[PDB]
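Undergrad: kindly generate the corresponding structure for this input.
(one chain, ligands or ions: 1)
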Amino acid sequence: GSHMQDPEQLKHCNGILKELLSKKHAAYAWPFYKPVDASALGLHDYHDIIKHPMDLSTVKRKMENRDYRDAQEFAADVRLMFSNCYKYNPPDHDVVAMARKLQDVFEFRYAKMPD
Ligand SMILES: CC(=O)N1c2ccc(-c3cc[nH]n3)cc2[C@H](Nc2ccc(C#N)cc2)C[C@@H]1C
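TA: Numbers count the residues shown, from 1 in each chain. Please find the structure below.
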């Protein structure tokens, strides 16, 4: 059920999203900007391993469309995006190091949620 604080919490989420997409973090955020194009990357098993793809452009579309009803729903998609990366790729891959850095940005700012 909607809480009177959900709009303000969603503004905090939108601020986080803008930060994740900003030039400040682009050196490690870029793999997460768009859906994984498995065929283009030669990763022909990606959709057999990853049931629910997620990426920041999809999060942005969902925010713009008012799909997220609360902060926890937004956070679940951001964390799904990172989890997919940790599931599919070897833990020493460059993309995993990038994911860990971007997830640190996310988690520390998400923790500052007004509540
Ligand atoms: C997010 C994610 O898990 N993945 C993902 C997604 C998009 C893109 C992409 C976008 C444009 N081009 N490539 C590349 C990758 C990863 N591959 C690499 C990532 C970083 C580096 C360096 N430094 C080298 C390879 C493979 C992996 C399936």
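Undergrad: C-alpha only now, for contacts and for neighbours.
TA: OK.
Undergrad: do you know how far residue 51 is from the ligand?
TA: For residue 51, the distance to the ligand equals 13 Å [Cα to the nearest ligand atom, to the nearest Å].
Undergrad: burial of that residue, as a residue count?
TA: Residues near residue 51, counting by other Cα atoms under 10 Å, number 9.
Undergrad: sec struct for it, please.
TA: Put simply, residue 51 is coil when judged by DSSP: H, G, I helix; E, B strand; the rest coil.
Undergrad: what comes up buried for stretch 69-79?
TA: In terms of neighbour count (16 or more other Cα atoms under 10 Å), stretch 69-79 has its buried residues at 70-71, 74-75, 77-78.
Undergrad: same thing with stretch 8-20?
TA: Buried-residue list, stretch 8-20, by 16+ other Cα under 10 Å: 9-10, 12-14, 16-17, 19-20.
Undergrad: likewise for stretch 78-98?
TA: Neighbour count says stretch 78-98 has 78, 80-86, 95-96, 98 buried, by 16+ other Cα under 10 Å.
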